[PDB]
Amino acid sequence: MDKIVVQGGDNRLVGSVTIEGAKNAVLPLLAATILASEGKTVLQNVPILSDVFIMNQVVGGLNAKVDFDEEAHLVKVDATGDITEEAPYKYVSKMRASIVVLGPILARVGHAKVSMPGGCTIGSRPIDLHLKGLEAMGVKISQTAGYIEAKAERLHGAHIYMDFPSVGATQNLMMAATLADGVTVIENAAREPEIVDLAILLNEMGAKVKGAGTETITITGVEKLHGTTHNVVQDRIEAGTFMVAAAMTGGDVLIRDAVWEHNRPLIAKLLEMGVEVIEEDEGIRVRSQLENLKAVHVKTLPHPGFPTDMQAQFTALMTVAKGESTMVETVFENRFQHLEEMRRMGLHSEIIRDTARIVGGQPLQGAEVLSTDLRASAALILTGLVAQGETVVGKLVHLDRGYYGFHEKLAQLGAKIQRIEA
Ligand SMILES: C=C(O[C@H]1[C@H](O)[C@@H](CO)O[C@H](OP(=O)(O)OP(=O)(O)OC[C@H]2O[C@@H](n3ccc(=O)[nH]c3=O)[C@H](O)[C@@H]2O)[C@@H]1NC(C)=O)C(=O)O
Ligand SMILES: *[C@](C)(OP(=O)(O)O)C(=O)O
Ligand SMILES: [Mg+2]
């Protein structure tokens with residue numbers, strides 16, 4: 001398929017950039033549209049990404065009518081018909097995030113048939129927390145011929161203690177709870193900004209979701225939900241990716257309408273490294289003097305800690321700072337695959353299980369590399385900007401899941417980058 005070609009060196013990024021709506025907010029927000037038995041749900045600021053198309057097919061497969069106006073970045077959903085129960089293998093096998101329809105299907109229909117996710121390269125990714133939480137709400141779970149078969153005679157409230165603050169599990173449980181009979185309390189809940197945005201939509205739909213953004217979410221079930229119009233929160237990871245890009249290239253970039261609160265730990269690490277990050281009326285400005293960049297230690301953690309979704313991109317920045325940086329990835333077990341590819345560009349890194357050491361200032365060269373996953377793809381492209389020579393980034397299927405027009409936005413900021421058909 002396509003390749004991204006980058007002429008490395010002298011790619012100082014200067015200018016302004018517009019950021020898309022959050023891919024990881026839109027996926028669960030689309031799942032939530034299934035809950036509205038009256039009216040229509042309209043999502044605004046929807047990015048054009050392959051994961052969105054898949055989620056639209058999943059929701060559509062449940063007899064909800066989904067109309068995606070790409071140019072207007074609008075998704076309109078009519079879920080007033082009789083909603084069906086199945087999230088098939090053909091979708092779940094291409095995007096394990098599809099299982100966030102499990103909760104809302106159970107809330108609306110009382111039974112669900114959702115394909116069990118298999119293997120994913122970035123880590124083990126079990127869903128025990130989803131199922132255990134659902135069982136506490138009165139859901140009877142079986143596994144039949146590859147499908148999670150779930151039935152709720154009387155979906156009800158429960159006091160759920162999460163072993164880990166799973167984003168996906170918190171979303172499924174929140175959504176299931178909106179139409180349950182009783183009060184659901186999710187302790188040690190995911191606190192991510194996408195959780196907050198989901199709660200905002202649900203409440204505007206007539207739900208009673210409280211404490212989103214805190215360690216405890218309380219949902220009081222109601223009989224039905226209605227349609228509403230919701231502006232999808234800005235993609236903090238795309239925003240953070242451009243902040244990192246500006247930093248690595250000694251740039252001066254304004255990330256339009258960026259939310260400071262959604263990138264606190266990234267910004268704190270950029271500041272500690274020696275980058276300037278300034279809040280202005282029109283957005284967040286990142287300015288960098290390359291010679292002042294100093295190595296840092298980073299440990300990924302559940303929000304409000306440093307996001308795993310900024311890890312790969314941040315390791316690219318670590319290649320340019322002075323000294324030995326350390327990246328500790330605690331969220332996923334196998335999310336340093338991009339460093340294997342970066343070895344092809346001359347980058348030496350020392351990986352001891354969850355810890356990667358990267359000495360800054362190594363002389364990197366352009367090379368043909370292959371994306372291993374969404375954020376890794378971005379990290380390779382960013383590295384191509386600062387390496388000497390031409391970098392060719394392939395397996396863009398991964399990139400297209402979460403970045404829209406990445407090459408175009410970078411080119412508009414001054415980078416020598418193109419997307420060519422191979
Ligand atoms: C990589 C992606 O984004 C990811 C993002 O990295 C992570 C963490 O912030 O949260 C979402 O995944 P997710 O919902 O599977 O993440 P979580 O459930 O929080 O998983 C975090 C960790 O908890 C563990 N976990 C999760 C659920 C569970 O039942 N048991 C369990 O042990 C997982 O193995 C994982 O190692 C994003 N995906 C979406 C669609 O929201 C992507 O864009 O495809
Ligand atoms: C991982 C990335 O899971 P997903 O594609 O999101 O279902 C994989 O398939 O390697
Ligand atoms: Mg996959």
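We're numbering straight along the sequence, starting at 1.
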Visitor: Short question: side chain of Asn45, backbone of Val232 - any donor-acceptor pair under 3.5 Å?
Guide: yes
Visitor: Should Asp67 and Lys40 count as an ion pair when the cut-off is N to O under 4.0 Å?
Guide: no
Visitor: Could you note down all residue pairs passing side chain to side chain donor-acceptor pair (under 3.5 Å) where residues 163-180 supplies at least one of them, sequence neighbours left out?
Guide: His130-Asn172
Visitor: Mark yes when over 12 heavy atoms from residues, nucleotides or ligands other than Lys210 sit less than 6.0 Å from its NZ; otherwise mark no.
Guide: yes
Visitor: Side chains of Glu238 and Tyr404: closer than 4.5 Å at any heavy-atom pair?
Guide: no
Visitor: Under the salt bridge (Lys or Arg N to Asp or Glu O under 4.0 Å) rule, what pairs show up with a residue in residues 17-37, not counting sequence neighbours?
Guide: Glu20-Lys409, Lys23-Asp51
Visitor: Would you call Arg236-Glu194 a salt bridge at under 4.0 Å N-O?
Guide: yes
Visitor: Could you tell me whether the side chain of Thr300 reaches within less than 4.5 Å of the side chain of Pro307, counting heavy atoms only?
Guide: no
Visitor: In terms of relative ring orientation, are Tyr403 and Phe406 parallel, tilted or perpendicular, with 30° and 60° separating the classes?
Guide: tilted
Visitor: I need the minimum non-hydrogen distance between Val139 and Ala150, along with the two atoms involved.
Guide: CG1-CB, 3.7 Å
Visitor: Any side-chain heavy atom of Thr249 sitting closer than 4.5 Å to one from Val386?
Guide: yes
Visitor: Please determine if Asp354 and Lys299 form a salt bridge, counting it only when a charged side-chain N lies under 4.0 Å from a carboxylate O.
Guide: no
Visitor: What pairs with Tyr91 under ring-ring contact (aromatic ring centres under 6.0 Å, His included), at least two apart in sequence or on another chain?
Guide: none
Visitor: What is the minimum heavy-atom distance between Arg12 and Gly250, and which atoms define it?
Guide: NE-O, 2.8 Å
Visitor: Tell me, do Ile417 and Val5 make a side-chain contact under 4.5 Å, heavy atoms counted?
Guide: no
Visitor: Donor-acceptor pair, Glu390 side chain versus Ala367 backbone, under 3.5 Å?
Guide: no
Visitor: Salt-bridge test for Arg357 and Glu324: reply yes if a basic N is under 4.0 Å from a carboxylate O, no otherwise.
Guide: no
Visitor: Please confirm whether the backbone N or O of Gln7 pairs with a side-chain atom of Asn11, one donor and one acceptor, at under 3.5 Å?
Guide: yes
Visitor: Could you tell me whether a side-chain N or O of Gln311 sits under 3.5 Å from a main-chain N or O of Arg335, the two making a donor and an acceptor?
Guide: yes
Visitor: Search all heavy atoms of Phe68 against all heavy atoms of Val46 and return the closest pair with its distance.
Guide: CE1-CG1, 3.6 Å
Visitor: Measuring only between side-chain heavy atoms, which start at C-beta, is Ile160 closer than 4.5 Å to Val185?
Guide: no
Visitor: Identify the heavy atoms of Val101 and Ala31 that sit nearest to each other, and give their distance.
Guide: CG1-CB, 3.9 Å
Visitor: Between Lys224 and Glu38, is there a salt bridge with N-O shorter than 4.0 Å?
Guide: yes
Visitor: Locate the shortest heavy-atom distance separating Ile200 from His230; write the atom from each residue and the value.
Guide: CG2-CE1, 3.8 Å
Visitor: Measure across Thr355 and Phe336 and return the closest heavy-atom pair with its distance rounded to 0.1 Å.
Guide: N-CE1, 4.0 Å
